[PDB]
Amino acid sequence: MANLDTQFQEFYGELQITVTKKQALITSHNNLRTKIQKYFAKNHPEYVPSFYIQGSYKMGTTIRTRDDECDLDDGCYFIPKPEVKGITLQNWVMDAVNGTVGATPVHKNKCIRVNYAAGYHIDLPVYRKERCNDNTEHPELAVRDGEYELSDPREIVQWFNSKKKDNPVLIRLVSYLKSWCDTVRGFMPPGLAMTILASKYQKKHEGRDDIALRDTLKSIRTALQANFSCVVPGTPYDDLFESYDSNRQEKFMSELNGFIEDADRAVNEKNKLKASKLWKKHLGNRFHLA
Ligand SMILES: Nc1ncnc2c1ncn2[C@@H]1O[C@H](COP(=O)(O)OP(=O)(O)O)[C@@H](O)[C@H]1O
Ligand SMILES: Nc1ncnc2c1ncn2[C@@H]1O[C@H](COP(=O)(O)OP(=O)(O)O)[C@@H](O)[C@H]1O
Ligand SMILES: [Mg+2]
């Protein structure tokens with residue numbers, strides 16, 4: 001039977017942000033920090049922002065999309081707590097990043113998004129927190145449309161770090177699943193959902209990332225068939241699937257069935273080209289035999 005482990009490793013390589021874009025992302029994220037720091041020093045020095053890279057970039061699971069888009073999440077914290085609405089802190093950050101050359105900001109519900117014409121964006125979730133060095137205190141996320149929400153971005157990173165330890169295939173599995181979401185889109189869940197599901201339900205097959213992904217898909221399906229949910233570690237009741245009606249759930253679980261069916265056929269294929277086409281159908285066009 002065809003062995004596609006090498007093709008999976010090369011696919012993982014193709015999913016990485018390119019050298020040029022990663023340097024531009026980091027340079028831009030440093031420029032944004034200085035721009036925000038200068039804005040508050042000039043206009044509201046009573047509040048001092050501090051920063052913490054979070055999300056996939058901090059966890060080491062970032063992929064570029066099929067359009068070569070990529071991003072970085074940089075949390076913007078105000079300590080101690082400003083006694084203003086969350087939308088007020090967001091508006092100031094939005095005003096601060098406005099005017100960045102080659103970029104246009106967008107005020108999302110839970111972050112300020114800075115879209116760069118060069119093909120990347122930086123998301124700036126805004127937080128307030130009372131104490132500078134207290135990991136037992138969870139920060140409050142600013143929300144445009146409502147009240148602050150308790151959040152635990154650092155706890156997610158710690159949790160995933162413990163799952164990654166002695167387990168380097170996990171970041172590859174998360175990357176494969178994120179590329180699956182990036183290929184189908186529409187009803188598909190976000191990358192954080194793939195991080196949680198792969199970490200909880202991972203199955204291992206040393207030397208065969210193709211078999212490992214197949215086994216992990218079936219493990220995820222078994223868990224979600226019993227209880228269709230995806231709770232964020234450290235934040236109970238933060239269920240990433242809580243808004244999914246029966247239609248969206250059925251669409252996702254049907255796509256998971258089809259992925260599993262084709263993965264089974266690929267693993268049992270003698271023809272390496274056919275096997276690669278079955279995987280590529282769901283993982284996207286950066287997967288190939290050549
Ligand atoms: N429902 C949520 N609860 C808590 N944190 C969230 C939630 N959604 C997003 N985040 C935070 O934003 C980060 C990025 O979310 P997401 O867009 O799914 O990841 P990616 O950076 O891979 O696109 C997550 O790592 C998490 O810290
Ligand atoms: N609970 C959260 N904690 C931290 N960041 C978040 C959270 N939820 C969303 N984000 C960030 O905000 C981005 C988009 O926010 P979203 O909720 O999609 O706003 P909108 O509904 O306007 O699209 C996400 O990609 C993520 O990076
Ligand atoms: Mg994001």
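The figures that follow rest on heavy atoms only: side chains count, while hydrogens, waters and symmetry mates do not. Numbering starts at 1 and runs along the sequence shown.
Contact between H107 and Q90 at its shortest, heavy atoms only, is NE2-OE1, 2.7 Å. When all heavy atoms of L15 and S175 are compared, the closest pair comes out as CD1-O, 3.7 Å. Scanning all heavy atoms of the two residues, the minimum distance from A118 to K21 falls at O-CE, 3.2 Å. Across every non-hydrogen atom of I171 and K164, the tightest pair is CG2-CD, 3.4 Å. For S151 against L141, the heavy-atom pair with the smallest separation is CB-CB, 4.2 Å. The shortest non-hydrogen separation linking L197 to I220 is O-CG1, 3.9 Å.
Remark: side-chain polar atoms of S179 are paired, donor with acceptor, to backbone N or O of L283 under 3.5 angstrom. Between the side chain of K129 and the main chain of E137, a donor-acceptor pair closer than 3.5 Å is present. No donor-acceptor pair under 3.5 Å is formed between the side chain of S219 and the backbone N or O of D215. Side-chain atoms of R286 never come within 3.5 Å of backbone atoms of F11 as a donor-acceptor pair (strictly under, hydrogens ignored). A donor-acceptor contact shorter than 3.5 Å is absent between the side chain of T34 and the backbone of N31.
Atom-to-atom distance recorded for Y120:OH and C70:SG is 8.5 Å, nearest 0.5 angstrom.
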Review point. After noting the C-alpha distance and the side-chain angles of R185 and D67, does the key distance pass the salt bridge (charged side-chain N to carboxylate O under 4.0 Å, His left out) rule?
Key: CA-CA 13 Å; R185 300 186 177 187; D67 312 311; 3.3 Å; yes

Practice item. Could you go through the ring-ring contact (aromatic ring centres under 6.0 Å, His included) check for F40 and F78 one step at a time? Key: CA-CA 11 Å; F40 275 90; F78 296 91; 4.9 Å; yes

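The cationic atom of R154 (NZ for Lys, CZ for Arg) lies less than 6.0 Å from the six-membered ring centre of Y52 and within 45° of the ring axis. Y148 carries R128 over the face of its six-membered ring, with the cationic atom under 6.0 Å from the centre and within 45° of the normal.
Within the structure, salt bridge (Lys or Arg N to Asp or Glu O under 4.0 Å) pairs that include any residue of residues 32-61 comprise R33-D74 (at least two apart or interchain).
Aromatic pair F8/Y176: ring centres closer than 6.0 Å. For an aromatic pair to be called close, the ring centres must be under 6.0 Å apart, and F252 with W180 satisfies this. If you look at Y47 and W92, their ring centroids are closer than 6.0 Å.
Comment: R113 engages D123 in a salt bridge, judged by a side-chain N to carboxylate O separation of less than 4.0 angstrom. For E147 and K85, the salt-bridge test fails: no basic side-chain N is under 4.0 Å from an acidic carboxylate O.
Each of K110, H138, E140 was evaluated against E149; a single residue qualifies, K110, per the side chain to side chain contact (heavy atoms under 4.5 Å, CB included) test.
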